[PDB]
There are 2 protein chains.
Amino acid sequence: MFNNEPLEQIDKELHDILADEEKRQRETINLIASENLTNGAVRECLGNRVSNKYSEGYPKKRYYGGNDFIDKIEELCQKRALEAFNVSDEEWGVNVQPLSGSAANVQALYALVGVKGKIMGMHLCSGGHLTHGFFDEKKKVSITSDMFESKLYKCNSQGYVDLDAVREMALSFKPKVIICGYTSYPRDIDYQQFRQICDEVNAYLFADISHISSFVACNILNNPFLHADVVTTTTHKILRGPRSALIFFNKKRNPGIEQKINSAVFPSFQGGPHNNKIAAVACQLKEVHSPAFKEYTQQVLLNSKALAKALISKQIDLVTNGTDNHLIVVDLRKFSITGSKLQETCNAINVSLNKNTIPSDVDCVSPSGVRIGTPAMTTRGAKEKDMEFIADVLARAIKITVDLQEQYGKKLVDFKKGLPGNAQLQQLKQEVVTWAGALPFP
Amino acid sequence: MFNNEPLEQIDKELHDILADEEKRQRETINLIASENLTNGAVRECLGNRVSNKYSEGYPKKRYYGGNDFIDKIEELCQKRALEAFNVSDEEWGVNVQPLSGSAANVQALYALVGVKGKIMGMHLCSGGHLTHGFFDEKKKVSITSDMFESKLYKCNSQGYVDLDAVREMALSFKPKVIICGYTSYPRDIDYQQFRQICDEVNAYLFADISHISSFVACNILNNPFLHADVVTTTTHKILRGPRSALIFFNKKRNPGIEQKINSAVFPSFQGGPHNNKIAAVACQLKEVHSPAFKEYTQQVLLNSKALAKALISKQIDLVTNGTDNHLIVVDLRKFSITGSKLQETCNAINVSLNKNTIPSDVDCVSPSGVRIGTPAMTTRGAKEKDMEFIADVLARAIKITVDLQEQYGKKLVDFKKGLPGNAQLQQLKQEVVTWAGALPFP
Ligand SMILES: Cc1[nH]nc2c1[C@](c1cc(C#N)cc(-c3ccc(S(=O)(=O)N(C)C)s3)c1)(C(C)C)C(C#N)=C(N)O2
Ligand SMILES: Cc1[nH]nc2c1[C@](c1cc(C#N)cc(-c3ccc(S(=O)(=O)N(C)C)s3)c1)(C(C)C)C(C#N)=C(N)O2
Ligand SMILES: Cc1ncc(COP(=O)(O)O)c(CNCC(=O)O)c1O
Ligand SMILES: Cc1ncc(COP(=O)(O)O)c(CNCC(=O)O)c1O
Ligand SMILES: [Cl-]
């Protein structure tokens, strides 16, 4: 007593937009640092009948019947996760149920501190995430600044974490958790130093490695598991899994953290797990462990280094003047243009990126940079040679943005008036589309 | 630079469990009241490349480039939601980003009351949800009892909402929100009366219709939209969508609730939306509006009525002695067995159900009932005649549970010893499989 007509027949309107989105993805140079492209395997899971199952609780401890095959899938995923991050199942545990990054972070922070509990995080403008306690003079923007008492550390003018400032802050403020690992930070993290500062004040060390997870997994960057009490990460970014998250807890450093994190996830915050998610996370995590994915991750850094170099060679400024990882923040001050304007120009040419703050920025609307990253294009097979091309397109986009601002003015609505029908943008898009459309596409 | 082999080839281990899980679903009498079976179209969306896109914010106000087709999908979904529940886009708004029912509730409650805010919900044991402010003398089990100040109203000994008690509570406690609409409540709700009690105290009227959403949509049960300030619902239950959730807000009754709800979902709680969900929801909401889905929903109630009737005809007691909806709670007291024991017996025969509390219970460990519901089996093409058979199987299952308890004793570990290779359980399972495996299966 249902409809079994395929998507195209049952809902032609929606199937079109999806066909449209697929063509756009295929024909874009994707520089969103947090995006990737899932293979057909990960997507077969996400679309599996396994999402029919209610299975609140944990494997063997379910509030529903007929959860035998679900328990195997949840158990395999936890196994493959601890595998992927080269941690022993005796020392470290993992919750695979959090639905996304922001959920995982809120659940983990609460497990550790509770309501009114004290937390420390890097400021959004300096490269911190919303869920790291972000607030503004006007409003408590994130729940992490509201259900928790939070204080925010800004990086120095050069754009690097100021470890001195972190300690100064930790000593007077006396937090129970300090968050490190970031959303738009282009440098590696001295976890050892964070561990030192947390030991001094008896605070938990929280590392959110969502942006850099693959590096940590493949031993290319610093390992937070050596020092951290809690490690969280999303599965959809550099990891190239589905949209989901993981919470890792150090059992050895903190006995009875296992129960705290698990009860924070359920039943404190969530109800029934998304089994298609967990199934997909399991599938991707097998690929994470292979030396083949290590190759991909290395290529990401190789492309990121090269792209940084090519942009500097074209007199484009970078925050910290380079990158240790997959991402770069371009400081657009010398061009007197905003990230918002550059995002529009790039969207007009099929270049996906996002506006990003810089250390000097005081206002989150009207920001002075864009952020870029290599994981997506690296997935499509682009090598270091290709990075000069991406740099060239970004350069030309910056120039067109300068010209269009000259003609139409500083207002964004005024600025957009210039984009349709622009002869250079059309030639540039044609260039982008031509090259993008040819690349391997999962 | 990816591996594109199909799931069977790339991950043989995992593909087996999913093929294992698939066979189990086909060969089960699924009586889990909150479960359903999604068609091929809904599952094609969930596995679509649209989940690659980061699109924080709201349509036309994205923090990323490349969101033109994503904006059309999100807009279509909100339109179809408002259509499905016969509300004008002028009076009512909808957020389609919440990742699941529990997330939606916490988000909507915070929008309305903030941290420390006062809320009223039905107690879990009386059929309320965990997110309705659930706690115990020992621990604040849900965040909704921790980040909020909560008070819990119980139903009467017959199992019905005691409206008198609700008012008595509201006058003393003076809540900012009163929650109605429940997880395991087998009767319809007097929203109008909830509205009068909310008005006396100046509290918001929160209706969570996750279990009964299809009824509301098809005008078969009371419409909470006539009275409620906020309406939340999951998309995966009777609605037969993907696993996701919807927050509905009355703009006319409460101007600027739109901004409050929307900022609660983002950036208060979530980050990037799950676009594959949003797409799947859209596809399902089309189906919801059709007269054909009304037919299905009508069959759900007709089956539930018949199943209730047949169980009473075999001298099995029901909470409230019947049902107004898709769900029945069976009072197992006269058999001197637990719901937990019956769950295992039913799991052993391929009957999916869950243990449930009854009014008399004072302990969530060792509850006195099972809850059952018709949406899944109704979806599979079972009609009223079939309900006698289901009733027969449950009856026989209760009997076998009584015998097994008699032999092996009251301890659950002891009880389970009796299940494998039991002649009548084998014969019952075979009866269950022969029938279930033959039915239509999306
Ligand atoms: C959207 C988001 N989430 N977490 C993120 C972002 C980024 C961000 C960039 C920019 C810019 N330009 C602006 C934002 C804001 C998001 C939400 C607000 S607000 O809540 O509405 N309120 C403070 C005005 S401001 C956030 C990036 C990665 C997109 C950001 C950056 N840069 C970082 N660090 O972390
Ligand atoms: C699991 C869950 N979530 N929300 C639900 C359920 C149901 C429930 C049933 C039963 C039984 N028997 C037990 C529970 C509990 C879940 C979690 C706890 S606890 O928080 O960890 N702590 C009190 C022990 S108690 C919850 C049903 C629908 C399964 C329930 C019921 N009955 C209702 N009303 O609402
Ligand atoms: C460090 C960090 N942590 C958590 C999240 C939350 O993930 P969800 O969006 O799945 O909630 C993000 C996403 N930040 C957005 C970006 O970098 O583009 C992040 O960068
Ligand atoms: C009324 C109600 N509200 C919210 C939720 C939360 O949904 P998620 O599981 O997607 O968090 C449930 C789950 N109900 C559990 C059951 O009846 O089986 C529910 O019954
Ligand atoms: Cl999903």
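Remember, it's 1-based here, ligands and their atoms both numbered in the order they're listed. Just so it is clear: chains get the letters A, B, ... in the order the sequence lines come, proteins before strands, and each one is counted from 1.
At a 4.0 Å heavy-atom cut-off, ligand 1 touches B:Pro267 through the side chain alone. Heavy atoms of B:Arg371 found under 4.0 angstrom from ligand 2 belong exclusively to the side chain. When non-hydrogen atoms are compared, ligand 1 lies under 4.0 Å from the side chain of B:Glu56 (C-beta onward) but not from its backbone. Residue contacts with ligand 1 for A:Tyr182 are absent, since no atom lies close enough (heavy atoms, distance under 4.0 Å).
A:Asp208 and A:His132 share a side-chain donor-acceptor pair at under 3.5 Å. With hydrogens and angles left out, the side-chain atoms of B:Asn276 and B:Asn48 include no donor and acceptor closer than 3.5 Å. In this model, a donor atom of one side chain and an acceptor atom of the other lie less than 3.5 Å apart for B:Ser100 and A:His274. Judged by distance alone, the side chains of B:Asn325 and B:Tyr185 never bring a donor and an acceptor atom under 3.5 Å apart. Side chains of B:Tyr64 and B:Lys53: no donor on one and acceptor on the other come within 3.5 Å.
Here's the thing with A:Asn354: none of its N/O atoms is less than 3.5 angstrom from an N/O atom of ligand 1. For ligand 1, the polar-atom distance check finds no N/O of B:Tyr64 at less than 3.5 Å from any of the ligand's N/O atoms. Checking only distances, A:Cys125 never comes within under 3.5 Å of ligand 1, N or O to N or O.
Near A:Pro367, meaning under 4.0 Å from any of its heavy atoms, are these atoms of ligand 1: 12 (N). Those atoms of ligand 2 with a heavy atom of B:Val141 less than 4.0 angstrom away are 19 (S), 20 (O). For ligand 1, the atoms lying closer than 4.0 Å to a non-hydrogen atom of A:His129 are 4 (N). Each of the atoms 11 (C), 12 (N), 25 (S) of ligand 1 lies under 4.0 Å from some heavy atom of A:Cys364.
The residues B:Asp136 and B:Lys138 are annotated as not salt-bridged, no charged nitrogen and carboxylate oxygen being separated by less than 4.0 angstrom.
When the options A:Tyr63, B:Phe134, A:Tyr54, A:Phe266 are ranked by their closest heavy atom to atom 13 (C) of ligand 2, first place goes to A:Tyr63. The nearest non-hydrogen atom to atom 34 (N) of ligand 1, considering only A:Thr357, A:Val365, A:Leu327, A:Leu124, comes from A:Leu124.
Note that atom 24 (C) of ligand 2 has no protein non-hydrogen atoms nearby, at separations under 4.0 angstrom. There is no protein heavy atom less than 4.0 angstrom from atom 8 (C) of ligand 2. Within the 4.0 angstrom cut-off, atom 16 (C) of ligand 1 has one or more protein heavy-atom neighbours.
Across every non-hydrogen atom of B:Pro186 and B:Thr320, the tightest pair is CG-OG1, 3.7 Å. For the pair B:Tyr160 and B:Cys155, the tightest heavy-atom approach, listed with the atom from each and the gap, is O-CB, 3.1 Å. Of all the heavy atoms in B:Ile358 and B:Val330, the pair that sits closest is CG2-O, 4.3 Å. The two residues B:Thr131 and B:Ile179 make their nearest non-hydrogen contact at O-CD1, 4.2 Å. What you find for B:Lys237 and B:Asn36 is that their closest heavy atoms are O-ND2, 2.7 Å.
Of all protein heavy atoms, the one lying nearest to atom 35 (O) of ligand 2 is B:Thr183 OG1, 2.9 Å. Shortest contact from atom 11 (C) of ligand 2 to any protein heavy atom: B:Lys355 O, 3.6 Å. Residue, atom and distance of the protein heavy atom nearest to atom 31 (C) of ligand 2 are B:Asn356 OD1, 3.6 Å.
Judged by the shortest distance from any of its heavy atoms, B:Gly128 lies inside the 4.0 Å radius around the atoms of ligand 2. At least one heavy atom of A:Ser184 sits less than 4.0 Å from an atom of ligand 1.
Remark: A:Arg243 is positioned above the aromatic ring of B:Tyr54, its terminal NZ or CZ atom under 6.0 angstrom from the ring centre and at most 45 degrees off the axis.
The only member of A:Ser51, A:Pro242, A:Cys283 that meets side-chain contact (heavy atoms from CB on, under 4.5 Å) when paired with A:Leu46 is A:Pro242.
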